[PDB]
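Form deposited in one PDB entry, single chain, as structure tokens, below.
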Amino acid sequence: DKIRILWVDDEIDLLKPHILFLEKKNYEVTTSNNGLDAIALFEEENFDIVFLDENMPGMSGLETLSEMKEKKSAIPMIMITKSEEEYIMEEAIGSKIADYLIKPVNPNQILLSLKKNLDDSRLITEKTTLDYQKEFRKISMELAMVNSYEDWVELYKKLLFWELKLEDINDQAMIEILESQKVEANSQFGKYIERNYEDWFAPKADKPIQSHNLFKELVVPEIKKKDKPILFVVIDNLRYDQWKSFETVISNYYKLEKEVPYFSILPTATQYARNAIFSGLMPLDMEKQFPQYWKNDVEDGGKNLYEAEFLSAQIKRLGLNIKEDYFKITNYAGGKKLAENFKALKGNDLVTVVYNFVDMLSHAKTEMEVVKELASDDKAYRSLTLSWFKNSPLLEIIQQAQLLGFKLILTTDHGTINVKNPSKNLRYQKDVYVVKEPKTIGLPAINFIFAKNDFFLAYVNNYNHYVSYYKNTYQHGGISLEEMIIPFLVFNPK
């Protein structure tokens, strides 16, 4: 199949050099000297691409383009014209032209435009596969050398970068190399975390920023600037890769000012960690200082329901005085509502939204066949997350906040990981990091265990049932890059 071009120009006879040039390159050119005839051909026959002049005696190129797009939407159209006027440029681009070449045109420019517009997917696939072939041994080397938390953050960035670059490619060998680097990364990370995690809670220890330090050290400073109100959005259970999947959408409305990967405390679960975000305290200290608010595992009723109170208390412990409002969205109507009425809180200095939809979505894969098919692989989950965010009540809230000139601070409590391997909440033996003293961590317990790598805890009784139902499900609470290294972002409104 030679690629079939329809070329429409009143002065087509003058373009025979260009046509000859293209035909020699296995391009088939049908020509036409008016838009009406071209539309007729464009309907009868199936062309791969159309070239259009702007100024023609009858219908203009842009008019011809309109009639053509109505009839067969997804055929790429290129404009080749003398018009150098900005307003025609703008009308072409506004019409979703694929490219606009000003005459007299270098014939190779046209060829470049054919390659870019018809071949770019496979070319990008080729170049990306070869780029990774040349890069991946450096990545194995770098991983071996990491022994710092600052260095763990860098390496995760690299893996995330290449994850999205390769997500499209179809070369099994290189896909598996990347999987194996990601597995090895977690195995190394788990050893790292168990080796220095306890040491981190000792006085004078060089330490990553964690859950219990988050509000104190990264939120307070941006408030005390005192230029603009701050919208704080804690999106529950958001992996770094999911942030990355919708970074371009959000950037239409917000410009990233500051980005800081941080380390969520163990366990990587809402009640233990999200409460810590709002309290400025480790679990143990929340039990000590607020026994009427803190809830222990064995307690029924549900968790994370006094975050507002934890937060208000922290603000005064710091000594800061501000107007503060806190909300927790747990369903559609909820978030839809808070979008329509976001107006009212302008005068409020800080606004805090907790959004639980992504956790609900991650957990839904466990039970619903539908979600299994929507989130079969990580790529699919990132894709689905993007479909979500683009049409979320959460984006509406974000869109309102910019119109009010709020600075946005966007973060999460922890991520989630696809669990693959059983070991006898499903993440909290070399398979586990034991802490037979809890105060050493700052965890409460009378008189904690954290799964590493891909592991999920399956009880000896009903071991098979646990294995078969929870295999290849998103769980959290343990130690993985995906769970524990999580974004903290400040943005300025556009």
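Residue indices: 1-based, along the sequence shown. Shifts are known only where both forms have a C-alpha. Here, rigid core means the biggest group of C-alpha atoms that superpose within 1.5 Å across both forms.
Separately, the form deposited in another entry exists; it is not shown, and the next lines address it.
Lining up the core between this form and the one not shown shows that one residue from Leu305, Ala98, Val183, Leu403 moves its Cα 2 Å or more, and that residue is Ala98. Cα-Cα spacing of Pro291 to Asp300 is enlarged in that other deposited form versus the present form (difference of at least 3 Å).
Listed in sequence order, the runs of at least 3 residues with C-alpha movement of 2 Å or more between this form and the one not shown, after fitting the core, are 1-124, 170-173, 297-301.
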